[PDB]
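Everything on this sheet refers to the single structure shown next.
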Amino acid sequence: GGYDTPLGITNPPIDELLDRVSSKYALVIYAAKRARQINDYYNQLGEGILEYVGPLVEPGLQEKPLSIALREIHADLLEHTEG
Amino acid sequence: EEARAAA
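Protein sequence lines, in the order shown, are assigned to chains A and B.
Sequential numbering of the first sequence, starting at 330, is according to the numbering used here.
Sequential numbering of the second sequence, starting at 937, is according to the numbering used here.
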């Protein structure tokens, strides 16, 4: 595993992401739900604290929530159960 | 659980 460092939309590499879940569809739904969670954490920050938490990893200067979710995925910071 | 405790 000696790939050159990725950049932009391909960070983290999807092949290392796929080892965490079964298929890429599971990755899609994983990251979508987690990014939604992060988004409404950002929305529900002004009022009282509720059950939502995150982002567990430190985001960038300005970073889209989905990128944060996928980076959290790659850092082994979540777990799940399918249907 | 580990990172929820970390937070």
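C-beta: ideal position from N, C-alpha, C; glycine also.
Neighbourhood of residue i by C-beta, 6 Å cutoff - its chain only, sequence neighbours within 5 removed
i: residue 302 (chain A); result: Since the displayed chain A opens at 330 and closes at 412, residue 302 (chain A) lies outside it and no answer follows.
Contacts of residue i in chain A (Cβ-Cβ under 8 Å)
i: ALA941 (chain B); result: Correct list: empty, because the minimum Cβ distance to chain A is about 11 Å.
Test item: CB-CB of residue i and residue j under 7 Å
i: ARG400 (chain A); j: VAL386 (chain A); result: yes
i: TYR370 (chain A); j: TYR381 (chain A); result: yes
i: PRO341 (chain A); j: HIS409 (chain A); result: no
Residue i - DSSP class collapsed to helix/strand/coil
i: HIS409 (chain A); result: coil
i: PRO342 (chain A); result: coil
i: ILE367 (chain A); result: helix
i: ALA398 (chain A); result: helix
(request) Give, in chain order, every residue of the stretch 378 to 409 of chain A whose Cβ lies closer than 7 Å to some Cβ of chain B. (result) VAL382, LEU385, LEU406
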